[PDB]
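Right, one structure below, let's go through it.
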Number of protein chains: 2
Amino acid sequence: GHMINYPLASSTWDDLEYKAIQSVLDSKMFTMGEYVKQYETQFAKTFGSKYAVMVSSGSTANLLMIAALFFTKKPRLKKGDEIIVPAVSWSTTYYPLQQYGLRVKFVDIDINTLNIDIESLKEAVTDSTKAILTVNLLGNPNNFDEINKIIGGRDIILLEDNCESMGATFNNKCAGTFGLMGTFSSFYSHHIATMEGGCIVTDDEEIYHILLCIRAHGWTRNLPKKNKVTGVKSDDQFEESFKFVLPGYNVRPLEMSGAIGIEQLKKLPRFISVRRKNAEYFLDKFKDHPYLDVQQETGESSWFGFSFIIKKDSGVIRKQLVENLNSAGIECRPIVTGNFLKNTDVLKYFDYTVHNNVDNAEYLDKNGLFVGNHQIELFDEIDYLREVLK
Amino acid sequence: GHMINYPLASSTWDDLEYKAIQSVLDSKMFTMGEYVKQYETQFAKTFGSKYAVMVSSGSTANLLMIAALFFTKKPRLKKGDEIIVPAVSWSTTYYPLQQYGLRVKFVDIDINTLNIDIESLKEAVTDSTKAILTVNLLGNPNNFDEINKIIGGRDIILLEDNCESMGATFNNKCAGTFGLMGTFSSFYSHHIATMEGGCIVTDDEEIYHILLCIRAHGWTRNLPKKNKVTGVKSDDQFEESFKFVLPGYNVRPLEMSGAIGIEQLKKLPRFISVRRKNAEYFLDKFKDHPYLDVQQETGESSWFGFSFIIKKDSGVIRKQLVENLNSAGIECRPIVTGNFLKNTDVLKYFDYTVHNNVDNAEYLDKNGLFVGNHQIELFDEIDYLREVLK
Ligand SMILES: Cc1ncc(COP(=O)(O)O)c(CNC(CCC(=O)O)C(=O)O)c1O
Ligand SMILES: Cc1ncc(COP(=O)(O)O)c(CNC(CCC(=O)O)C(=O)O)c1O
Ligand SMILES: [Mg+2]
């Protein structure tokens, strides 16, 4: 089976977005400008954060997020610092840690939530832990309350990779706003899509400043006269426009993406709505499934897609399932990357350690799968899927 | 709101580019794909390189260019390794060196060509030198023949930042193809423009493959069955498609840029021809300027723009010239960034050293200025310029 009728991805666009590109074309201004800024403003508003910075991708968002910590007047991070992460996530969640010389401490996930295992996190955290980098998997937010209990008020930075859970909420607060900084992705087929695109949110003005700076050449052009980076900008452009203060990058997003994001954000409430209705329907259909477990929701998940974990001693073979789905026209993939720890070749480059074991991650790596969720009603696709997975 | 008699920049697009953008819309495939691939083939073919890798910007081309060196089966670079660079260039030429923990050795420029001072280089090179990162300034190529004499068999890697000199040639050879790798930029107002964009060229297959991997998640999806990173790609999709082997990034370009890029390459030759003809005229007008020195051409420059250095013992103050230019409706700027070494703040982060001195760079910093060159005839503009600069 190779004929796909129930795909993982689909378009979130309509006329409005095409018109938006048009507006850009007419403007003949393609470099990051007005729209990006407007986009950022609404973005922060939408999620309930003070600041938001748009970047080229969710991956680059992650990059700047980590980097930023090295540049505070009083650097918040230092080479060799210990950072805790879950064993399951996207590759670019981990790379920047390596690229910045951090010591990475891996923590197993919770088999029901798919998020970091709270119990293990409990023990994993020590006096050496400088930061915790959480990942809201597949739309499901982490239990921040519990996380917070662990920190117990210490000076441990909390960070969030919210690339898969835009719109998710916990305790009424938007996922991605819990940490010092939160990242998002607007890549094709995410809660929203801007072709390629990412964002970083924060309530910290210094960090905010740093970001603006590191996003583009390490210059002061995007900074305000009075800023937390250089204090006060010289009034001499010949000089001013040509000074570099931080070792940054060029990860500016395109104006087009910004203009598109604007249209997309307006639709967000509806997208979340549909996705959630679909999930409700799904949970109901798969409630007592004989050999598959579904993701256990925390707070209000933005249900990026649907995960399945073959029940222990169910004798079910992932391979057949997959075959079966495909033959039926259902597209499927591993749960993200599966157990990240399997990537031995890339790990060679990391300075890392594993807390305890990553048993659950290993199980998932072998018995997990996932099908798409859309901002479109999938009742019928769901009935069929249930039919197939008998 | 403009009111410019002589702009630094201009658009290089016509209906063709707009047409290309339309074509992509219609295709509904916005993520890097066919167009990008077509572009790369055309690109390599155009400059005489075996391979080309399109990236999100010239800046990221640079980044990947440095990074790739650490991933060869037999790593070409390691932390602490010494790399030589000229004192004048864009900030993104430098950051990656810092980001990879290399030991930076700044070398002064030649006040005439504006490129690295060949004589100092000779002196700067030691057995500790691992690589030389050259920069082709403002369209002017370096004298590779001499540099080559300098390397004299030794195992020193030659690199090129060709972001300002697309189209330049030396000894019948295209700038960017001299070093193991070469970087290019297609940002607004370059020789070609794709909104944002970069490219890396190479004749090395292993490097080529490394680049393919790190550009996009450090995965294998863009790698051939038989490739130099993993050797042979599994046939199992649910597995092979989710494997990470190198710590890269997500610096993919948009399918759109590649589409635009395709059209731009065709126009490239004329663009170059027009700029060179402008240069020819400019030179005749300024060749014997009483107080201004012009750029000394090496090989066949692609004349990115027109540089001027106030002659020593002239009694002419830069500040006053700028004022005049400006009141005259003539846009001017510093030569690139000027003396990079003046950037004390950002230097704090570097492991660097300065060979001898950067007197030339310091001179240029206080005495140089730059005016635009375009792919449109500027006869009248040049005349006016000469009039203002009486
Ligand atoms: C946990 C996590 N972090 C970061 C990212 C990435 O953001 P971005 O894609 O804009 O770099 C993703 C999404 N991962 C992917 C991989 C697919 C792809 O980018 O081709 C996604 O955005 O779909 C992710 O799931
Ligand atoms: C030597 C050199 N390296 C790298 C770059 C950068 O390529 P890119 O800009 O696509 O990241 C430039 C151009 N420098 C500038 C600064 C102006 C700007 O980016 O707004 C250019 O793109 O013209 C450069 O001159
Ligand atoms: Mg004319």
Side-chain angles (χ1 to χ4, degrees), chain A residues 8-9 31-32 55-63 86 88-96 133-138 160-165 183-190 193-199 216-217 219 221 241-242 249-253 304 333 336-337, chain B residues 8-9 31-32 55-63 65 86 88-96 133-138 160-165 183-190 193-199 216-217 219 221-222 241-242 249-252 304-305 333 336-337 376-383:
Chain A
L8 293 162
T31 297
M32 166 187 95
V55 297
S56 59
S57 69
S59 299
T60 63
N62 278 354
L63 174 67
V88 169
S89 183
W90 189 250
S91 61
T92 51
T93 285
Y94 314 107
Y95 296 165
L133 164 54
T134 74
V135 177
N136 298 312
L137 226 70
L138 309 189
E160 273 183 281
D161 175 339
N162 204 45
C163 290
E164 310 176 356
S165 309
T183 70
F184 297 69
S185 173
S186 51
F187 180 59
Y188 176 73
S189 229
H190 275 254
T194 62
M195 308 191 277
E196 288 259 15
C199 207
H217 315 279
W219 70 20
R221 281 193 215 179
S241 268
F242 291 88
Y249 303 94
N250 174 0
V251 295
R252 276 188 303 223
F304 188 72
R333 51 166 283 193
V336 195
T337 207
Chain B
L8 278 170
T31 50
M32 146 197 126
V55 301
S56 56
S57 59
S59 284
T60 56
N62 275 355
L63 181 66
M65 168 171 75
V88 181
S89 178
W90 188 249
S91 68
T92 56
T93 298
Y94 310 108
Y95 302 151
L133 172 58
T134 63
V135 181
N136 299 307
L137 222 78
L138 299 182
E160 301 183 69
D161 177 336
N162 201 50
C163 292
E164 307 177 355
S165 310
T183 63
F184 300 68
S185 170
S186 69
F187 177 73
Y188 178 67
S189 245
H190 273 243
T194 60
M195 292 178 298
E196 289 254 19
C199 210
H217 312 289
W219 70 17
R221 311 188 191 185
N222 310 111
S241 275
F242 307 86
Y249 301 90
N250 171 11
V251 297
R252 285 178 309 212
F304 184 87
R333 78 117 133 183
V336 204
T337 72
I376 267 172
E377 69 86 10
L378 293 167
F379 314 127
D380 295 310
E381 290 78 2
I382 287 154
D383 280 347

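Order of listing sets the numbers, starting from 1, for every ligand and every atom in it. Both backbone and side-chain heavy atoms feed into the values below; hydrogens, waters and symmetry mates do not. Letters go in sequence order (proteins before strands), and every chain restarts at 1.
- Every N/O-N/O distance between B:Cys163 and ligand 2 stays at or above 3.5 Å.
- Of all atoms in ligand 2, numbered sequentially from 1 with element shown, those under 4.0 Å from a heavy atom of B:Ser89 are 1 (C).
- At the shortest separation from atom 11 (O) of ligand 1 among protein heavy atoms lies A:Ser59 OG, 2.3 Å.
- Around the Mg ion (ligand 3), protein atoms of type N, O or S found under 2.8 Å number 1.
- With A:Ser186 contributing its side chain and A:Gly197 its backbone, the two residues share a donor-acceptor pair below 3.5 Å.
- Between the side chain of A:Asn62 and the backbone N or O of A:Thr92, at least one donor-acceptor pair lies under 3.5 Å.
- Remark: ligand 1 and A:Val135 share no N or O pair separated by less than 3.5 Å (distance only, no angle test).
- Contacts with ligand 1 closer than 4.0 Å are made by side-chain heavy atoms of A:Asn62 only, the backbone lying farther away.
- For ligand 1, one of its N or O atoms has an N or O atom of A:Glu164 under 3.5 Å away.
- Taking the side chain as every heavy atom from C-beta outward, A:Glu164 and A:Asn136 never approach each other to under 4.5 Å.
- The nearest heavy-atom contact from the protein to atom 9 (O) of ligand 1 is A:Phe187 CB, 3.8 Å.
- Looking at A:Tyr249, A:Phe242, B:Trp90, B:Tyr94 and measuring to atom 2 (C) of ligand 2, the nearest heavy atom belongs to B:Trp90.
- Side-chain atoms of A:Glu160 do not come within 3.5 Å of backbone N or O of A:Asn162 as any donor-acceptor pair.
- Here A:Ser185 has side-chain heavy atoms under 4.0 Å from ligand 1, and that is the only part of it that gets that close.
- Considering only non-hydrogen protein atoms, atom 19 (O) of ligand 1 sits nearest to B:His217 NE2, 2.9 Å.
- Listed for the A:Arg252 side chain is no donor-acceptor partner under 3.5 Å among the backbone atoms of A:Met32.
- Side chain of B:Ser91 to main chain of A:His217: a donor-acceptor pair is present (N/O by atom type, distance under 3.5 Å, no hydrogens or angles).
- A cation-pi arrangement, defined by a distance under 6.0 Å to the six-membered ring centre and an angle within 45 degrees of its axis, is absent between B:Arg333 and A:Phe242.
- Looking at B:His190 next to ligand 2, an N or O pair under 3.5 Å apart turns up.
- Atoms of ligand 1 lying under 4.0 Å from at least one heavy atom of A:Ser57, given by number and element, are 10 (O), 11 (O).
- Within the 4.0 Å heavy-atom criterion, the part of A:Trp219 lying near ligand 2 is the side chain and not the backbone.
- Residues B:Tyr95 and B:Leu63 have side chains not in contact (no heavy-atom distance under 4.5 Å, counting atoms from C-beta outward).
- One N or O on the side chain of A:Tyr94 and one on the backbone of A:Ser89 form a donor-acceptor pair closer than 3.5 Å.
- Close N/O approach between B:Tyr188 and ligand 2 is not found [any backbone or side-chain N/O within under 3.5 Å].
- In summary, the atoms of ligand 2 found under 4.0 Å from a heavy atom of B:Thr92, numbered by their order in the structure, are 4 (C), 5 (C), 6 (C).
- The nearest pair of heavy atoms linking B:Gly58 to B:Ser185 is CA-CB, 4.0 Å.
- The single protein non-hydrogen atom nearest to atom 10 (O) of ligand 1 is A:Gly58 N, 2.8 Å, given as residue, atom name and distance.
- Counting heavy atoms from C-beta on, the side chains of A:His190 and A:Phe184 never come closer than 4.5 Å.
- Using a 4.0 Å cut-off to heavy atoms of B:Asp161, the atoms of ligand 2 that qualify are 1 (C), 2 (C), 3 (N), 4 (C).
- Checked by atom type and distance alone, the side chain of A:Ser57 pairs as donor or acceptor with a backbone atom of A:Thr60 at under 3.5 Å.
- Atoms of ligand 2 found under 4.0 Å from any heavy atom of B:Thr93 (numbered from 1 in listed order, with element): 1 (C), 2 (C), 3 (N).
- Under 4.0 angstrom from ligand 1, the non-hydrogen atoms of B:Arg252 all belong to its side chain.
- Residue A:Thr93 forms a side-chain contact (heavy atoms from CB on, under 4.5 Å) with just one option from A:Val135, A:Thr337, A:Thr183, and that option is A:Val135.
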